[PDB]
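A.B. asks: Got a structure for you, written out below as structure tokens; questions coming shortly.
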Amino acid sequence: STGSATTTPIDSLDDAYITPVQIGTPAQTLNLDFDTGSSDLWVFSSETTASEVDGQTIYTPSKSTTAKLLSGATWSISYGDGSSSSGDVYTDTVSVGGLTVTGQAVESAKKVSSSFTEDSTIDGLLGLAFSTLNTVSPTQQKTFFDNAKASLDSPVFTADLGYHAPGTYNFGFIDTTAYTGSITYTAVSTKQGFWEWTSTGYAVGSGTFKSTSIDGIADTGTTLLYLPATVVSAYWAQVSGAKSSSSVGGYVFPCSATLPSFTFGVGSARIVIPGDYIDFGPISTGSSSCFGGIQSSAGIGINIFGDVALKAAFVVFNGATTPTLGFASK
Ligand SMILES: Nc1nc(CCc2ccccc2)cc(=O)[nH]1
């Protein structure tokens with residue numbers, strides 16, 4: 001089997017991407033944030049505290065003839081950015097772009113943190129990291145991709161995120177028309193439960209390539225590109241007037257600047273992130289100070305190849321016996 005679904009930026013800055021998902025019988029379609037950096041499929045629901053729901057589409061398990069409460073099971077997650085959610089668990093039928101899993105764990109939110117309430121565009125998360133990170137207790141549950149994998153034509157999914165435009169998640173096949181040149185595959189460690197790999201280095205604009213190992217994660221659920229302070233300083237030094245602001249919480253730059261590109265290495269291959277991808281717009285409405293899309297990973301403890309990086313590539317999440325990641329230009 002295979003599946004294919006379009007993924008859409010939630011706003012004009014590509015702050016996150018949503019993908020429609022069918023849950024239950026009859027289908028209830030929710031727009032979920034496909035997150036290769038976490039491993040819970042959770043949704044806003046009929047059970048979510050009423051004051052914590054503000055425009056999201058909710059899953060109502062009582063209206064699904066295939067929903068079954070998973071006895072005694074609860075979940076609670078806290079993300080890298082400080083947001084959180086928790087609740088109980090059903091198993092139900094879940095489909096993505098024509099691909100169906102029966103008995104998928106659907107984690108129904110009883111509580112969500114304020115950032116989720118405040119964003120009406122995201123109805124929940126669909127985790128695509130390794131199932132070892134799933135938070136369901138006392139019996140850990142499998143991700144959508146883990147459940148689907150055996151049935152897929154090939155045990156893979158791909159992320160093709162758009163810059164200011166729709167993109168695609170495919171399951172079970174590689175669309176050879178969706179990228180240019182070849183796909184370069186690179187080793188993955190699953191020891192932290194992430195798609196963790198090692199970049200071979202970087203370049204800033206037309207500058208020469210610096211060969212240096214950067215360990216990090218391919219994370220569709222993180223918006224920005226988080227890299228070591230030395231690398232991030234080298235980037236922003238090329239932007240006149242750019243400064244790290246402790247009050248804002250990162251590098252900001254004059255909105256009138258034209259930003260240089262940033263290149264990262266995958267083996268001998270190179271993925272080029274155009275300068276415009278790094279512009280996250282005014283820090284507050286009407287400001288002429290803009291927020292940078294490349295930020296220091298210092299004190300978050302891990303480098304993160306988030307959407308800023310991934311949207312410059314066609315990305316293969318290869319779930320073979322020994323997982324690997326592939327990157328191509330596009
Ligand atoms: N990998 C990853 N996932 C999340 C998911 C939660 C989320 C979703 C949209 C906006 C804000 C928070 C948060 C995070 O920091 N990293």
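Order determines the names: the first chain of the structure tokens is A, the second B, and so forth; residues in each chain are numbered 1 upward, and ligands are numbered 1 upward as they are shown.
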Give me every strand (DSSP E or B) residue in range 234-276 of chain A, going by DSSP on the backbone, as a PyMOL selection string.
C.D. replies: chain A and resi 243-245+250-254+262-266+269-273
A.B. asks: So that I have them on file, write out the residues from the current selection with N, CA, C and O atoms, as an mmCIF file, in the first residue's frame.
C.D. replies:
data_model
loop_
_atom_site.group_PDB
_atom_site.id
_atom_site.type_symbol
_atom_site.label_atom_id
_atom_site.label_comp_id
_atom_site.auth_asym_id
_atom_site.auth_seq_id
_atom_site.Cartn_x
_atom_site.Cartn_y
_atom_site.Cartn_z
ATOM 1 N N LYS A 243 21.956 41.033 15.138
ATOM 2 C CA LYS A 243 22.469 40.958 16.516
ATOM 3 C C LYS A 243 21.675 39.894 17.259
ATOM 4 O O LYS A 243 20.520 39.665 16.937
ATOM 5 N N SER A 244 22.300 39.235 18.230
ATOM 6 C CA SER A 244 21.533 38.366 19.115
ATOM 7 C C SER A 244 20.918 39.218 20.204
ATOM 8 O O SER A 244 21.635 39.946 20.894
ATOM 9 N N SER A 245 19.597 39.105 20.364
ATOM 10 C CA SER A 245 18.853 39.880 21.346
ATOM 11 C C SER A 245 18.372 38.975 22.480
ATOM 12 O O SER A 245 17.587 38.053 22.255
ATOM 13 N N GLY A 250 16.798 35.619 20.553
ATOM 14 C CA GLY A 250 17.603 35.100 19.454
ATOM 15 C C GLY A 250 18.111 36.193 18.542
ATOM 16 O O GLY A 250 17.987 37.378 18.850
ATOM 17 N N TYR A 251 18.688 35.780 17.420
ATOM 18 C CA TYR A 251 19.164 36.711 16.424
ATOM 19 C C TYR A 251 18.001 37.355 15.698
ATOM 20 O O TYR A 251 17.032 36.678 15.288
ATOM 21 N N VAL A 252 18.127 38.677 15.560
ATOM 22 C CA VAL A 252 17.180 39.506 14.826
ATOM 23 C C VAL A 252 18.026 40.289 13.835
ATOM 24 O O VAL A 252 19.254 40.402 13.992
ATOM 25 N N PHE A 253 17.379 40.803 12.797
ATOM 26 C CA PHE A 253 18.119 41.515 11.754
ATOM 27 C C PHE A 253 17.220 42.588 11.117
ATOM 28 O O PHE A 253 15.993 42.495 11.189
ATOM 29 N N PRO A 254 17.828 43.623 10.510
ATOM 30 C CA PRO A 254 16.958 44.644 9.889
ATOM 31 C C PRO A 254 16.101 44.034 8.780
ATOM 32 O O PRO A 254 16.633 43.317 7.914
ATOM 33 N N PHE A 262 22.221 29.505 3.181
ATOM 34 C CA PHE A 262 22.965 28.667 4.102
ATOM 35 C C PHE A 262 22.974 27.276 3.518
ATOM 36 O O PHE A 262 21.914 26.744 3.177
ATOM 37 N N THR A 263 24.164 26.684 3.436
ATOM 38 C CA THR A 263 24.300 25.348 2.841
ATOM 39 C C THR A 263 24.698 24.360 3.923
ATOM 40 O O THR A 263 25.581 24.664 4.748
ATOM 41 N N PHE A 264 24.041 23.198 3.977
ATOM 42 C CA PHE A 264 24.495 22.125 4.869
ATOM 43 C C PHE A 264 24.889 20.888 4.084
ATOM 44 O O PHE A 264 24.365 20.646 2.996
ATOM 45 N N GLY A 265 25.839 20.135 4.646
ATOM 46 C CA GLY A 265 26.345 18.914 3.983
ATOM 47 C C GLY A 265 25.606 17.659 4.425
ATOM 48 O O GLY A 265 25.258 17.481 5.602
ATOM 49 N N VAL A 266 25.310 16.813 3.430
ATOM 50 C CA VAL A 266 24.837 15.449 3.657
ATOM 51 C C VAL A 266 25.824 14.579 2.909
ATOM 52 O O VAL A 266 25.834 14.564 1.662
ATOM 53 N N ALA A 269 27.206 15.566 -0.512
ATOM 54 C CA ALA A 269 26.201 16.368 -1.152
ATOM 55 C C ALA A 269 25.943 17.642 -0.332
ATOM 56 O O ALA A 269 26.348 17.748 0.838
ATOM 57 N N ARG A 270 25.240 18.578 -0.967
ATOM 58 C CA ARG A 270 25.016 19.885 -0.374
ATOM 59 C C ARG A 270 23.567 20.280 -0.575
ATOM 60 O O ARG A 270 23.043 20.179 -1.683
ATOM 61 N N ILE A 271 22.925 20.728 0.499
ATOM 62 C CA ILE A 271 21.564 21.268 0.396
ATOM 63 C C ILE A 271 21.647 22.762 0.648
ATOM 64 O O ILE A 271 22.176 23.180 1.665
ATOM 65 N N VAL A 272 21.156 23.553 -0.304
ATOM 66 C CA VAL A 272 21.220 25.020 -0.185
ATOM 67 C C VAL A 272 19.891 25.612 0.247
ATOM 68 O O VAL A 272 18.882 25.480 -0.458
ATOM 69 N N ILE A 273 19.891 26.277 1.404
ATOM 70 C CA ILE A 273 18.706 26.974 1.911
ATOM 71 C C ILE A 273 18.753 28.431 1.428
ATOM 72 O O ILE A 273 19.634 29.184 1.886
#
A.B. asks: Please, which residues have at least one atom within 7 Å of an atom of ligand 1, using only C-alpha atoms and all ligand atoms, listed as number ranges by chain?
C.D. replies: A: 16, 33, 35-38, 79-81, 83, 115-116, 125, 219-222
A.B. asks: Next, dump the selected residues to file, keeping only N, CA, C and O atoms, as a tab-separated table (two decimals), in the first residue's frame.
C.D. replies:
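Done, and the output landed in result_39.tsv:
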chain	number	residue	atom	x	y	z
A	16	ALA	N	4.46	26.40	10.77
A	16	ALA	CA	4.20	24.97	10.97
A	16	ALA	C	3.40	24.52	9.74
A	16	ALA	O	2.98	25.35	8.93
A	33	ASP	N	-0.40	18.22	12.72
A	33	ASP	CA	0.97	18.62	12.51
A	33	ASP	C	1.85	17.36	12.51
A	33	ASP	O	2.07	16.77	13.57
A	35	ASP	N	4.90	15.35	12.80
A	35	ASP	CA	6.05	15.74	13.61
A	35	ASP	C	7.09	14.61	13.71
A	35	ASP	O	6.92	13.69	14.51
A	36	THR	N	8.15	14.71	12.93
A	36	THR	CA	9.20	13.66	12.97
A	36	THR	C	10.07	13.78	14.21
A	36	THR	O	11.02	12.99	14.39
A	37	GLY	N	9.76	14.75	15.07
A	37	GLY	CA	10.47	14.90	16.34
A	37	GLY	C	9.68	14.45	17.57
A	37	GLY	O	10.09	14.73	18.71
A	38	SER	N	8.54	13.78	17.38
A	38	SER	CA	7.80	13.23	18.51
A	38	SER	C	7.00	12.02	18.03
A	38	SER	O	7.00	11.73	16.84
A	79	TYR	N	6.69	19.30	25.09
A	79	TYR	CA	7.55	19.49	23.93
A	79	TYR	C	8.78	20.34	24.23
A	79	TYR	O	8.85	20.99	25.28
A	80	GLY	N	9.72	20.34	23.30
A	80	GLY	CA	10.96	21.11	23.42
A	80	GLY	C	10.74	22.59	23.66
A	80	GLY	O	11.56	23.26	24.29
A	81	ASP	N	9.62	23.11	23.15
A	81	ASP	CA	9.31	24.54	23.25
A	81	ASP	C	8.52	24.91	24.52
A	81	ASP	O	8.14	26.07	24.70
A	83	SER	N	5.51	23.70	25.40
A	83	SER	CA	4.08	23.41	25.28
A	83	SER	C	3.81	21.98	25.76
A	83	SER	O	4.73	21.16	25.87
A	115	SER	N	-0.58	27.66	24.28
A	115	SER	CA	-0.13	27.86	22.90
A	115	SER	C	-0.96	27.04	21.91
A	115	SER	O	-1.22	27.49	20.80
A	116	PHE	N	-1.38	25.84	22.33
A	116	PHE	CA	-2.28	25.05	21.49
A	116	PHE	C	-3.65	25.71	21.37
A	116	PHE	O	-4.15	25.86	20.26
A	125	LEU	N	-1.40	16.59	16.78
A	125	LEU	CA	-0.09	16.17	16.28
A	125	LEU	C	-0.14	14.74	15.81
A	125	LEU	O	-0.89	13.91	16.38
A	219	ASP	N	13.68	17.20	11.95
A	219	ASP	CA	12.49	17.38	12.78
A	219	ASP	C	11.47	18.29	12.08
A	219	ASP	O	11.57	19.51	12.16
A	220	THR	N	10.49	17.68	11.42
A	220	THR	CA	9.46	18.48	10.71
A	220	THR	C	8.59	19.30	11.67
A	220	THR	O	7.87	20.22	11.25
A	221	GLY	N	8.60	18.93	12.95
A	221	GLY	CA	7.82	19.62	13.98
A	221	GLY	C	8.49	20.81	14.63
A	221	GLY	O	7.89	21.44	15.53
A	222	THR	N	9.72	21.12	14.21
A	222	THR	CA	10.38	22.34	14.68
A	222	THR	C	10.46	23.28	13.48
A	222	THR	O	10.81	22.88	12.38
A.B. asks: Taking the DSSP assignment computed from this structure's backbone, write out as a list in words all residues of range 10-198 of chain A that belong to alpha helix (DSSP H).
C.D. replies: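 Everything in range 10-198 of chain A that counts as alpha helix (DSSP H) is residues 114, 115, 116, 117, 144, 145, 146, 147 and 148 of chain A.
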A.B. asks: In terms of the shortest atom-to-atom distance over only C-alpha atoms, which of A:235, A:209, A:291, A:130 is closest to residue 255 in chain A?
C.D. replies: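 When distances to residue 255 in chain A are compared using only C-alpha atoms, the smallest one comes from A:291.
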A.B. asks: Pull the closest atom pair for each residue of range 188-305 of chain A that gets at most 9 Å from range 312-323 of chain A, along with the distance in Å to one decimal, counting only C-alpha atoms, ordering rows by chain and then ascending residue number, as CSV.
C.D. replies:
residue,atom,partner,partner_atom,distance
A:188,CA,A:323,CA,6.1
A:189,CA,A:323,CA,8.1
A:190,CA,A:323,CA,8.2
A:195,CA,A:317,CA,7.9
A:218,CA,A:315,CA,8.9
A:271,CA,A:313,CA,6.7
A:272,CA,A:312,CA,6.7
A:273,CA,A:312,CA,5.5
A:274,CA,A:312,CA,7.8
A:277,CA,A:312,CA,8.4
A.B. asks: CA of residue 304 in chain A to CA of residue 196 in chain A: how many Å, to one decimal?
C.D. replies: 9.1 Å
A.B. asks: If you count only C-alpha atoms, which residues fall within 7 Å of residue 112 in chain A, apart from same-chain ones fewer than 3 positions away, as a PyMOL selection string?
C.D. replies: chain A and resi 52+84-86+109+116-117
A.B. asks: Taking only C-alpha atoms into account, name the residue in A:242, A:136, A:283, A:309 that is nearest to residue 224 in chain A.
C.D. replies: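 Smallest separation from residue 224 in chain A among the options: A:309.
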A.B. asks: One number please: CA of residue 215 in chain A to CA of residue 9 in chain A, in Å, one decimal.
C.D. replies: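 Computing the Euclidean distance for CA of residue 215 in chain A and CA of residue 9 in chain A yields 26.9 Å.
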A.B. asks: Using only C-alpha atoms, what does the table of range 81-144 of chain A residues within 10 Å of range 73-77 of chain A look like, with each row giving the shortest atom pair and its distance in Å to one decimal, sorted by chain and ascending number, as a Markdown table?
C.D. replies:
| residue | atom | partner | partner_atom | distance |
| --- | --- | --- | --- | --- |
| A:82 | CA | A:77 | CA | 9.9 |
| A:83 | CA | A:77 | CA | 8.4 |
| A:84 | CA | A:77 | CA | 5.5 |
| A:85 | CA | A:77 | CA | 5.6 |
| A:86 | CA | A:76 | CA | 4.1 |
| A:87 | CA | A:75 | CA | 5.5 |
| A:88 | CA | A:74 | CA | 4.3 |
| A:89 | CA | A:73 | CA | 5.8 |
| A:90 | CA | A:73 | CA | 8.6 |
| A:107 | CA | A:75 | CA | 7.1 |
| A:108 | CA | A:75 | CA | 8.7 |
| A:109 | CA | A:75 | CA | 8.6 |
| A:110 | CA | A:75 | CA | 9.9 |
| A:111 | CA | A:76 | CA | 9.2 |
| A:112 | CA | A:77 | CA | 9.7 |
| A:133 | CA | A:77 | CA | 9.9 |
| A:134 | CA | A:75 | CA | 8.6 |
| A:135 | CA | A:75 | CA | 5.4 |
| A:136 | CA | A:75 | CA | 4.4 |
| A:137 | CA | A:73 | CA | 5.5 |
| A:138 | CA | A:73 | CA | 6.2 |
| A:139 | CA | A:73 | CA | 7.0 |
| A:140 | CA | A:73 | CA | 8.9 |
| A:141 | CA | A:73 | CA | 9.8 |
A.B. asks: Keeping only N, CA and C atoms, write the selected residues to a file as a compact mmCIF listing (two decimals), in the first residue's frame.
C.D. replies:
# COMPACT_ATOMS: atom_id res chain seq x y z
N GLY A 82 8.26 23.93 25.38
CA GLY A 82 7.55 24.19 26.63
C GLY A 82 6.05 23.97 26.59
N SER A 83 5.51 23.70 25.40
CA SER A 83 4.08 23.41 25.28
C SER A 83 3.81 21.98 25.76
N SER A 84 2.54 21.69 26.06
CA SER A 84 2.18 20.40 26.63
C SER A 84 0.71 20.07 26.39
N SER A 85 0.39 18.79 26.56
CA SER A 85 -0.97 18.31 26.45
C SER A 85 -1.06 16.95 27.15
N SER A 86 -2.27 16.55 27.53
CA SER A 86 -2.47 15.25 28.18
C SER A 86 -3.91 14.79 28.05
N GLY A 87 -4.12 13.48 28.22
CA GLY A 87 -5.48 12.97 28.22
C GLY A 87 -5.59 11.46 28.32
N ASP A 88 -6.65 10.93 27.73
CA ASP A 88 -6.85 9.48 27.67
C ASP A 88 -6.67 8.98 26.23
N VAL A 89 -6.91 7.69 26.01
CA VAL A 89 -6.55 7.03 24.76
C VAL A 89 -7.69 6.17 24.24
N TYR A 90 -7.95 6.28 22.94
CA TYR A 90 -8.82 5.38 22.19
C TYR A 90 -7.97 4.67 21.15
N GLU A 107 -4.76 9.64 20.82
CA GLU A 107 -4.66 10.16 22.16
C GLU A 107 -5.54 11.40 22.24
N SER A 108 -6.59 11.29 23.05
CA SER A 108 -7.62 12.32 23.12
C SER A 108 -7.22 13.31 24.22
N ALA A 109 -7.10 14.60 23.88
CA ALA A 109 -6.68 15.59 24.87
C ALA A 109 -7.81 15.95 25.84
N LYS A 110 -7.50 15.87 27.13
CA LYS A 110 -8.34 16.47 28.19
C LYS A 110 -7.84 17.87 28.53
N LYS A 111 -6.52 18.07 28.40
CA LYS A 111 -5.86 19.35 28.68
C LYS A 111 -4.83 19.69 27.60
N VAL A 112 -4.80 20.97 27.21
CA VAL A 112 -3.74 21.46 26.34
C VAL A 112 -3.20 22.77 26.90
N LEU A 133 9.62 6.77 22.04
CA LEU A 133 9.26 8.02 22.71
C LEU A 133 7.79 8.20 23.04
N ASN A 134 6.94 7.26 22.60
CA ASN A 134 5.52 7.41 22.86
C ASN A 134 5.22 7.49 24.36
N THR A 135 4.37 8.43 24.75
CA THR A 135 4.14 8.70 26.18
C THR A 135 3.00 7.90 26.82
N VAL A 136 2.26 7.11 26.05
CA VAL A 136 1.13 6.41 26.65
C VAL A 136 1.59 5.47 27.76
N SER A 137 0.89 5.55 28.89
CA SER A 137 1.16 4.75 30.09
C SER A 137 -0.14 4.07 30.51
N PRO A 138 -0.07 2.82 31.01
CA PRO A 138 1.13 2.03 31.32
C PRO A 138 1.64 1.17 30.18
N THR A 139 0.99 1.24 29.02
CA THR A 139 1.36 0.44 27.87
C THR A 139 1.61 1.38 26.69
N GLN A 140 2.90 1.54 26.36
CA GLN A 140 3.34 2.40 25.27
C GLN A 140 2.69 1.98 23.96
N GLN A 141 2.37 2.97 23.12
CA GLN A 141 1.68 2.70 21.85
C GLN A 141 2.56 3.02 20.63
A.B. asks: Could you tell me how far CA of residue 46 in chain A lies from CA of residue 62 in chain A, in Å and to one decimal?
C.D. replies: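 A separation of 8.7 Å between them.
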A.B. asks: Need to verify the contact set: residue 22 in chain A, 6 Å, only C-alpha atoms, exclusion of same-chain residues closer than 5 positions in sequence. Can you return it as a count of residues only?
C.D. replies: 5
A.B. asks: Got a sec: who's within 8 Å of range 164-172 of chain A, counting only C-alpha atoms, leaving out chain neighbours fewer than 5 positions off, as a VMD selection string?
C.D. replies: chain A and resid 1 to 9 12 to 14 99 149 152 to 159
A.B. asks: Taking 5 positions as the minimum chain separation for residues in the same chain, which residues sit within 12 Å of residue 234 in chain A when counting only C-alpha atoms? Answer as JSON, numbers by chain.
C.D. replies: {"A": [202, 203, 204, 205, 207, 210, 227, 228, 229, 239, 242, 243, 251, 260, 262, 294, 295, 296]}
